[PDB]
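The structure that follows is given in the form of structure tokens.
In what follows, every heavy atom counts, from backbone to side chain, and hydrogens, waters and symmetry copies are set aside. Residue numbering restarts at 1 for every chain, and letters A, B, ... go by the order of the sequence lines. Numbering of ligands and ligand atoms starts at 1, following listing order.
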Amino acid sequence: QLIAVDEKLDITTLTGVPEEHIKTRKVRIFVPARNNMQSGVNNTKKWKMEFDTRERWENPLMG
Amino acid sequence: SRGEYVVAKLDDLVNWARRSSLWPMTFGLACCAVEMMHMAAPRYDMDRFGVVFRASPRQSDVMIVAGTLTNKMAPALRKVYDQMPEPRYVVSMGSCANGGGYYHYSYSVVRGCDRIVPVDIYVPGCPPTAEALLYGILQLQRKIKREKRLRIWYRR
Amino acid sequence: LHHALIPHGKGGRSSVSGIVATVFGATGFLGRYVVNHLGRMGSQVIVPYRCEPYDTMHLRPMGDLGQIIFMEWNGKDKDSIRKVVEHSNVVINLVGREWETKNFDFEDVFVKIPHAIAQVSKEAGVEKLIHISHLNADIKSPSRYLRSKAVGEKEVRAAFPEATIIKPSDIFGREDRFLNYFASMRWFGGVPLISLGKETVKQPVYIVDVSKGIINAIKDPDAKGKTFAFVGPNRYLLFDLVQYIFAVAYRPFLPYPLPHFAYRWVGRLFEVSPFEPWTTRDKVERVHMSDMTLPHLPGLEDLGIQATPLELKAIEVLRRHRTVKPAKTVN
Amino acid sequence: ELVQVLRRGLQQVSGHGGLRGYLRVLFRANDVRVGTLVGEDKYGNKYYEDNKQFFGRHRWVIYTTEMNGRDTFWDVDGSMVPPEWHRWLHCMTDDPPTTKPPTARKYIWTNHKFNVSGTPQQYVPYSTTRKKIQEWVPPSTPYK
Amino acid sequence: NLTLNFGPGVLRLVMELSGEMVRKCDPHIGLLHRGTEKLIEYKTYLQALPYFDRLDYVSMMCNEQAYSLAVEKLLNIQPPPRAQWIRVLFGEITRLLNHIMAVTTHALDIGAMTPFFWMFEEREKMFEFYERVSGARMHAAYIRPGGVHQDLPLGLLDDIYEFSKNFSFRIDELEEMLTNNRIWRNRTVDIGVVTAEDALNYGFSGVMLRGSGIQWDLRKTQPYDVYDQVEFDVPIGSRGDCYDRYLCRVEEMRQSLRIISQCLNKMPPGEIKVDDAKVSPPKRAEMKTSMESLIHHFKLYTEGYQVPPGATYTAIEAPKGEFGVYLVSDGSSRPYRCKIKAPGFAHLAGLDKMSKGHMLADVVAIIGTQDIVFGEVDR
Amino acid sequence: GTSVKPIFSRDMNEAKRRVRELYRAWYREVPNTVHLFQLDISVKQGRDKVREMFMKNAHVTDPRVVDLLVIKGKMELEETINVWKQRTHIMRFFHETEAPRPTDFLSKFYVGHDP
Amino acid sequence: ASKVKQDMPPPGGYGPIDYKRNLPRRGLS
Amino acid sequence: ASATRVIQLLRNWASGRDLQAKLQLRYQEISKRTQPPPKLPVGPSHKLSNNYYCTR
Amino acid sequence: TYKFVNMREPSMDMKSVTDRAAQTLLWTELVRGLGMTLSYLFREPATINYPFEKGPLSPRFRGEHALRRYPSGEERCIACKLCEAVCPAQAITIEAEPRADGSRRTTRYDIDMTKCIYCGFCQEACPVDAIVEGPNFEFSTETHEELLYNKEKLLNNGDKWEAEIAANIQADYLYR
Amino acid sequence: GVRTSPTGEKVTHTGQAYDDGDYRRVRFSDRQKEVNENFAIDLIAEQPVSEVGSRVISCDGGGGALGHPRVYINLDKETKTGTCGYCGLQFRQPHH
Amino acid sequence: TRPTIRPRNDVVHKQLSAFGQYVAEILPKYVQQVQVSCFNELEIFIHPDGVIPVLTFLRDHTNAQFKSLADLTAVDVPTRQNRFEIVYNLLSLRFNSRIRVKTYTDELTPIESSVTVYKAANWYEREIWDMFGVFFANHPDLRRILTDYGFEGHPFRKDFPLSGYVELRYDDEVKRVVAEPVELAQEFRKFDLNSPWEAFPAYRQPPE
Ligand SMILES: CCCCCCCCCCCCCCCCC[C@@H](O)O[C@H](CO[C@H](O)CCCCCCCCCCCCCCC)COP(=O)(O)OCC[N+](C)(C)C
Ligand SMILES: NC(=O)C1=CN([C@@H]2O[C@H](COP(=O)(O)OP(=O)(O)OC[C@H]3O[C@@H](n4cnc5c(N)ncnc54)[C@H](OP(=O)(O)O)[C@@H]3O)[C@@H](O)[C@H]2O)C=CC1
Ligand code: SF4
Ligand code: SF4
Ligand code: SF4
Ligand SMILES: [Zn+2]
């Protein structure tokens, strides 16, 4: 009833993500730093995963 | 001259005939269609303007996009638009059809029906009132009155 | 490079390509493809029109919000040309007509208007000008169309010494006047060809190839004062080309040799009509005349484009003309 | 009976200033009803009321034939009504601007404008902010 | 056996027919899937409220109430009594609007178009009530998770009373057009019969249950707000077909008139939102005079109120059936998950079984009797 | 250890058998799809596209992932055969309107900051 | 000073509201 | 309603109901579009004392 | 309590059977429906004469947006960005900086009218009554671009509609 | 207080105007540029300074609840005048 | 508690607790946990193997007979080794009660389809498969129900981007609707709203 197959988990072929958004991205795993404007520490409890910043430009209309 | 004065009269007659009988096929995609149904209701009576109720696509003159256009839905709307006889116009009704509206940042929503078909009139509102849609229809009538096909042909 | 014209984004609909193009004759057959290719990469297109706004409506979805601006103009007025090209860094000339009207002959369309456009663009400080002529343009051609084109090239080069001249050869496509003209002969029964269509050789070129060539000529830095010849990969005798066209359309083929003088008379009759003519004296002479060969001119391959053969797109063009054995080529 | 409605129709004919005015109102508004003149607009629009009609038909406007720059003899639209008569006409209030006028402000438009879409007076969007990054200007004098 | 794809509310329907008989009916949906449930995860609870107006567009007020009840349960607060009475009154008005829409459309598709206009005049009057109370005719956002946004204007109750004392004659005219007409009965009687056991197993709710004789109504069994303080009857069918459901809907409208009368006569005084400035925003004058009111206004309109962590499933007796929300809060001011339960989803999933062995023209009648609004089904 | 519940196949061999069955079905279907949708592609390049889509997932060594991919491919074939897809859906596999993205370092450096 | 004024039903309530079906029989055997 | 007596009788006989008692067109019976100002009382938490938030 | 809608048994006596046969043969209920339609033909229609007559509205009605100012002529908006924060559609874009006299004012205030859902959350979140939803609903357009309002358009709308907007606010503010 | 750019365009109250080489000006040809003619800074600069014999004064913008939040302004500094942070009205004590 | 606070109901709380203990006693093979919320809602956390038995019991037992399936959905929690939690909401008309049944699964482990217990599940599981990628074994016909044909991915997953990866337009050169990588003229504005200074001390977690 069990296979017991030995291999690291990989679901990339099932998530539908385009190829250049898997291998070219660099995620950062970190506990966010406390906002120095305040003393509350409730925003520094969990871990966050975020992606690398890409290009942002100006819309020729409306800027 | 006679030639330039005659083309103007014929253009006026054809424009009056075309704007006095606008037969719309209504794409009732979402809540905006309800307000469209309130403009055919007795209080506003679209039919009294010459605007027939629920025209067939093969004999329709104006397309009214009333509601959100999803990605799954866009090819069929384009196909219906391609099947309309040549003197055709498109009226975009509501924020969803105009620019995506409340679902602008959605994975499954076309951000404005002008990405698929060219649009003649944009009717703002979420939803526009039946009165606002009637105003947009009358604006389309004025825009049709302003156009001049025979003068361009004569001068070309 | 004027920071507002610095390219940004990933070359898509809402990107910025740094190109501000005024496309004269954008409401025609090649104009729609040129505008679509310009707008899909995020350039701003100024479209000067003389017709009815309704006839230009199909160009609206080709660009992002605000990226396509429509402007009224007429070729007899230099001020409209000036106001339409004030802010562009690219000017593309696509104005043409295959017949003469009571208001515009070949001289106005192919000589005076291109010269005015080039002069006004040079005075306005436009960086790049791209003018379209014919492959078979020469001052001694029997047809006034081609002769006018040759004259037009001379005046455009004189007014804009850094202009890029492009010489296509009988563009074929979905809205073309080549395959559709040859396939529109079914109504008249047997096709009429001077000398049974066995004496003229054609080298047709795909519309998308020409449009991409114009785009890449815009992109190419050293294609300033060059002249290009856009031709297809294969040359065909006209007889076998028309036979292939009719075979693809599933239509019966009945070609009969016709006297040149007789053909000219037929062409003249069509011309008198107010509406656009199926054929004209100049048209029958232009399709009877063989395509030139200019090996010294840089080609479409020099712009990084592999020309697509007619066999791949003939079905796309001619499927609507219905209700396998490609033709033999000569090279 | 029949004579009463006949007399009312003839009185409607007579109350518009004769056959010429009757035809004018009939062909301009598709209506021949007569009501008490509530007010007159500075652009020429006239505002009438009749409380005996059902809600929605008890207030109406006869549009002027010449607004800012266009002949509005045939081409009338709802955006030609100024804001005060707009509030009265949509039954947002029971009081016409004649009996109580709106508060006067220096910045309020003295001349109302209609919908100017499809017109050289149309609105064109643009960014209202200034340059964010300033480019370095190279010196004009040669270095060597 | 021929296969037809009746493509583009907006519905794609793939059928296999053996002659005139419908052998298989397969609805393809998603033509109005806008990803509402994913979009809600990027909004505060107040910001997420207006999506429920657009879920089932025909009856906007009821969805607002269901969402507000779920959020109130998660917040451990209760709305003031006047807010509850206003909510129930406008829910019954909403029911009348939905019923008129469902009945007229069903008739119009069936080929009878006269009552559509006759009752859309009344629909326009009820839109006027909506607009006078909220400023919008149909996408109202009036019912909030703390009560209601604004109090009624000083003349609204009288106008609602004037409207409601003339509506029974309109229902009588609709019945004169429909109930005893032999063509209407032939189009509706013995069409789309569903048994009680099948209706329960297929997830049906509302009239789709009560037409088969099931005595169930959430306003009676699991009352919310003040529905336990009003008296009305639950119409029950006997044959489980389209005709009995039409009769039930017509009867329901009359009952709604009864409940509206009771709501009008027993409207209490007091405030309209919970007197808790950490949930409901304060008044404008308080916001412009008091430091705490200004702070709470600022925070409620920028961050929003935090909802304690937990998950609830809240359902109400909607005009189209049981309408529910499974709401999961993680403790912040944005919902972690919002699953919307729509009655029309299960009804359309049962369309295949309901249309077995019928004409092609009976499929239209069955779709009309299921009361299907696409926005709620696709979300 | 590392014992997991199966989906359809116990080891890789059954998974490859399912993959081959799906590949046969797609290969058979390609010409009929070309004719029915009035595609301007050829049967040869359609089968090349099928081969390329299959080869995109050639590195999977997990039978559960393999038969999940087989399930998805069978769903896609079901959509194609029943003509639930339109011409645009079929032609989306070819990306005919996208300008090609150069791969070399210099071109990417010229066009922008994106690696 | 001033008392509360909000939208309330009139004293004594509203008049009765008909809701029963009224489908009279015209009368002919 | 500005309807003649004969037309009222004809429509009453045709429908079988008395139309004049319950008309579907609004008239002067509706409320005025200009209303006096309201006062809108305050809720139970507007007390000055014995109103600590921790108890509510 | 509950009610039966279709639990009546037809009588089987000869008179009732003859009545049903007479209905079947002489088409009585169809004539009743014809009479109902005929009665509806002779009553006054409910149609209004747009654009000369308009549908009723309320002071609370939300129309085209406007930016208001104080009686002195200075704008009310102080760039707090509460309307931008609360906007359920992210239709508001705001940029601000100190003015030449040190005042806290906006340099950019855009509303994408094709993303707006006209919910009115902005006007109730505003602490100074700067952004309002004015009574105008007849502002249809021939292009998508003219529906992307900048600050100049909104200030012009405010100066255009201020009289009616202030009257509506005076009517409705005691409910807010 | 609308001014004119050297090119010919009206300078808005935010001070924006396309430079001479800016292609975006093409959007205004055959059309117009929307500019508000009432400049708030000039309009508020025209209001006279109120003379009050109090050390601290309250301002709500006028109109009661139709104004802005009520704020208190200190007038101890004689070199300058107190300015409302919401409305821009100026207040001053009667020096000499 | 004063008028602004929701009133409690201890009778329903006791009844739901007793019935939860009863259910857990009858099926100890599958029931992992039983909870009653402070607003009187009963949830039963079970092992994935017990989906068919437990549901069947809750549908067919004389004392339970939860004959209605109100809703079936999934929740995505990326931090858990088993990513998805499957939620069944059941209604009993005989006893006027509601129950919730929760189980779990990951990207690759199938869950037994419950169409044999409730017909209403047929579409619900389909929607789950469309939105979360959870496979249901022995489903009569499992396929997408909400997304466009050929859509790649499962949008309701947390890591799926809000605007997706592709967008649609009409191309005149190919004369058809085409799909291209997404490009927004205005990027969605991400708001950081969570404040420090925790709101609810009763839900505080140990500092580990
Ligand atoms: C016997 C031979 C027949 C040959 C074929 C002829 C076919 C029939 C043509 C005759 C029909 C007459 C046309 C009627 C048009 C008059 C309508 C007029 O009132 O419209 C106004 C006039 O506007 C235009 O000027 C009208 C232009 C129509 C043409 C004018 C005369 C041209 C006749 C030339 C006929 C020669 C035929 C030659 C070929 C055989 C504008 O009103 P409009 O804006 O809409 O409505 C606004 C809505 N409001 C009123 C509620 C505010
Ligand atoms: N086979 C081919 O198509 C070939 C074409 N070429 C050249 O390429 C160019 C584009 O060809 P194609 O797209 O087929 O041309 P089209 O005839 O399709 O369109 C030409 C454009 O020029 C405009 N135009 C024509 N005459 C005038 C005038 N007097 N004043 C103002 N504008 C005018 C037209 O506008 P409007 O619609 O308003 O009249 C039209 O948009 C032509 O100049 C042609 O010489 C060269 C070789 C082969
Ligand atoms: S535009 Fe607004 S009212 Fe119309 S369908 Fe979309 S959300 Fe609903
Ligand atoms: S009305 Fe609502 S959607 Fe529109 S700008 Fe204001 S807050 Fe945003
Ligand atoms: S309009 Fe009002 S809410 Fe928006 S930024 Fe200005 S002051 Fe703040
Ligand atoms: Zn102040």
Self-check item: Nearest protein heavy atom with distance in Å, relative to atom 5 (C) of ligand 2
Solution: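 The closest heavy atom on the protein side is C/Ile171 CD1, 4.1 Å.
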
Self-check item: Shortest protein heavy-atom distance from atom 25 (C) of ligand 2, along with the residue and atom involved
Solution: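 Result for atom 25 (C) of ligand 2: C/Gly96 O, 3.2 Å.
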
Exercise. With heavy atoms of C/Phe110 as the reference, note each atom of ligand 2 found under 4.0 Å away.
Key: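 Those qualifying, in numeric order: 45 (O).
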
Self-check item: Residues which pass salt bridge (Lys or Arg N to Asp or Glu O under 4.0 Å) with I/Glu97, listed by chain and number, not counting sequence neighbours
Solution: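 Result, salt bridge (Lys or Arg N to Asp or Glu O under 4.0 Å) vs I/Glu97: D/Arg130.
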
Quiz item: Numbering the atoms of ligand 5 from 1, which are under 4.0 Å from a heavy atom of I/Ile78?
Solution: 7 (S)

Exercise. For the residue pair C/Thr27 and C/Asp55, establish whether any side-chain heavy-atom pair is separated by less than 4.5 Å.
Key: no

Exercise. Determine the sole option in C/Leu310, C/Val231, C/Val210 for which the side-chain contact (heavy atoms from CB on, under 4.5 Å) test with C/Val205 is passed.
Key: C/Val210

Quiz prompt | Non-hydrogen side-chain atoms of J/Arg70 and J/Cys59 separated by less than 4.5 Å | solution =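 They are not in side-chain contact.
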
Self-check item: C/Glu175 heavy atom under 4.0 Å from ligand 2
Solution: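 False for this residue.
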
Exercise. Decide, yes or no, whether a salt bridge links I/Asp129 with E/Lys288 under the criterion of side-chain N to carboxylate O below 4.0 Å.
Key: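 Answer for the salt bridge query: yes.
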
Quiz item: C/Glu175 versus C/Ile207: any side-chain heavy-atom pair under 4.5 Å?
Solution: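 Sidechains of C/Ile207 and C/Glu175: no contact.
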
Practice problem: Taking all heavy atoms of C/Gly213 and all of C/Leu303, pick out the closest pair and write down the distance. | Solution: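 C/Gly213 and C/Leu303 have their closest heavy atoms at O-CD1, 3.3 Å.
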
Practice problem: Considering only non-hydrogen protein atoms, determine which one is nearest to atom 26 (N) of ligand 2 and report residue, atom name and distance to 0.1 Å. | Solution: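 Checked against all protein heavy atoms, atom 26 (N) of ligand 2 sits closest to C/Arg50 NH2, 3.8 Å.
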
Quiz item: Which protein N, O or S atoms lie under 2.8 Å from the Zn ion (ligand 6)?
Solution: J/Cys59 SG, J/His68 NE2, J/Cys84 SG

Practice problem: Considering the heavy atoms of C/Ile132, write down every atom of ligand 2 situated less than 4.0 Å from one of them. | Solution: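 Under 4.0 Å from C/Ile132, ligand 2 has these atoms: 7 (C), 8 (O).
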
Quiz prompt | C/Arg177: numbered ligand 2 atoms lying under 4.0 Å from its heavy atoms | solution =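 Counting atoms of ligand 2 from 1, those under 4.0 Å from C/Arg177 are 14 (O), 16 (P), 17 (O), 18 (O).
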
Quiz item: I/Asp159: what forms a side-chain hydrogen bond (donor to acceptor under 3.5 Å, both in side chains) with it, not counting sequence neighbours?
Solution: I/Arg69, J/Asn36, J/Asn38

Quiz item: Do the side chains of C/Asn180 and C/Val317 get nearer than 4.5 Å, heavy atoms only?
Solution: yes

Quiz prompt | Flag side-chain contact, heavy atom, 4.5 Å: C/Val156 against C/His115 | solution = no

Practice problem: Could you tell me whether the side chain of C/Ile69 reaches within less than 4.5 Å of the side chain of C/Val47, counting heavy atoms only? | Solution: no

Exercise. Identify the protein heavy atom lying closest to atom 37 (O) of ligand 2, giving its residue, its atom name and the separation to 0.1 Å.
Key: C/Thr27 OG1, 3.2 Å

Exercise. Please write down residue, atom name and distance for the protein heavy atom closest to atom 19 (O) of ligand 2.
Key: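 That would be C/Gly28 CA, 3.4 Å.
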
Practice problem: Answer whether the closest heavy-atom distance between the side chains of C/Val23 and C/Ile46 falls below 4.5 Å. | Solution: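 SC-SC contact between C/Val23 and C/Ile46 ruled out.
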
Practice problem: Using a strict cut-off of 4.0 Å, indicate which atoms of ligand 2 neighbour a heavy atom of C/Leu30. | Solution: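 It comes down to these atoms of ligand 2: 13 (O).
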
Quiz prompt | Residue portion contacting ligand 2 (non-hydrogen atoms closer than 4.0 Å) for C/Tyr33 | solution = neither

Self-check item: Test item, C/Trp73 contacting ligand 2 (heavy atom, 4.0 angstrom)
Solution: yes

Quiz prompt | atom 4 (Fe) of ligand 5 neighbourhood, protein N/O/S only, threshold under 2.8 Å | solution = I/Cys83 SG

Practice problem: May I ask you to establish whether C/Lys212 and C/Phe230 are in a cation-pi arrangement, using a distance under 6.0 Å from NZ or CZ to the six-membered ring centre and at most 45° from the ring axis? | Solution: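 Geometry flag: not set, cation outside 6.0 Å or 45°.
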
Quiz item: With a cut-off of 4.0 Å, which atoms of ligand 2 are near a heavy atom of C/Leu94?
Solution: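 Going through ligand 2 atom by atom, the ones under 4.0 Å from C/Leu94 are 9 (C), 10 (C), 20 (C), 21 (C), 22 (O), 42 (C), 43 (O).
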
Self-check item: Salt bridge present between B/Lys148 and B/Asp11 (N-O < 4.0 angstrom)
Solution: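 Looking at B/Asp11 together with B/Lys148, the answer is no, because their closest N to O distance does not fall below 4.0 Å.
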
Quiz item: Does C/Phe104 have C/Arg97 sitting over its ring (NZ/CZ under 6.0 Å from centre, angle to axis within 45°)?
Solution: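 Output no; distance or angle outside limits.
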
Exercise. Measure C/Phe29 to ligand 2 on non-hydrogen atoms and call it side chain, backbone, both or neither using the 4.0 Å cut-off.
Key: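 It is both parts that get close, each with some atom under 4.0 Å.
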
Quiz item: So, is the end of the C/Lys167 side chain (NZ or CZ) under 6.0 Å from the ring centre of C/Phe228 and within 45° of the ring's axis?
Solution: no

Self-check item: More than 12 heavy atoms of other groups within 6.0 Å of B/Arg149 CZ
Solution: yes

Quiz item: For the residue pair C/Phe106 and C/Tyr145, is the inter-centroid distance of their aromatic rings smaller than 6.0 Å?
Solution: yes

Quiz prompt | Worked check of side chain to side chain contact (heavy atoms under 4.5 Å, CB included) between C/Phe24 and C/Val91 | solution = CA-CA 8 Å; C/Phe24 287 98; C/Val91 167; 4.2 Å; yes

Exercise. Could you check atom 43 (O) of ligand 2 against the protein and tell me its nearest heavy-atom contact, residue, atom and distance included?
Key: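 Of every protein heavy atom, C/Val95 O, 2.8 Å lies nearest to atom 43 (O) of ligand 2.
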
Exercise. Among all protein heavy atoms, pick the one closest to atom 48 (C) of ligand 2 and tell me residue, atom and distance.
Key: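 Checked against all protein heavy atoms, atom 48 (C) of ligand 2 sits closest to C/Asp170 N, 3.8 Å.
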
Self-check item: Heavy-atom gap C/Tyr145 to ligand 2 smaller than 4.0 Å
Solution: yes

Quiz item: Yes or no on side chain to side chain contact (heavy atoms under 4.5 Å, CB included) for C/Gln203 and C/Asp170, after CA distance, side-chain angles and deciding distance?
Solution: CA-CA 7 Å; C/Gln203 178 137 51; C/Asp170 253 4; over 6 Å; no

Exercise. Evaluate the criterion salt bridge (charged side-chain N to carboxylate O under 4.0 Å, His left out) for residue pair I/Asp110 and I/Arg108; output intermediate values, then yes/no.
Key: CA-CA 6 Å; I/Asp110 306 326; I/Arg108 166 202 295 280; 2.7 Å; yes

Quiz prompt | Numbering as shown, the atoms of ligand 2 that approach C/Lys149 to under 4.0 Å (heavy-atom distance) | solution = 7 (C), 43 (O), 44 (C), 45 (O)

Quiz item: Counting each atom of ligand 2 from 1 as listed, which ones have a heavy atom of C/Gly25 under 4.0 Å away?
Solution: 21 (C), 22 (O), 41 (O)

Quiz prompt | Any non-hydrogen protein atom less than 4.0 Å away from atom 11 (O) of ligand 2 | solution = no

Quiz item: Counting each atom of ligand 5 from 1 as listed, which ones have a heavy atom of I/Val128 under 4.0 Å away?
Solution: 7 (S)

Quiz item: Any idea which protein heavy atom is nearest atom 47 (C) of ligand 2, and the distance to it?
Solution: C/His134 CD2, 3.6 Å

Quiz item: Which atoms from ligand 2 have a heavy atom of C/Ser133 less than 4.0 Å away?
Solution: 46 (C)

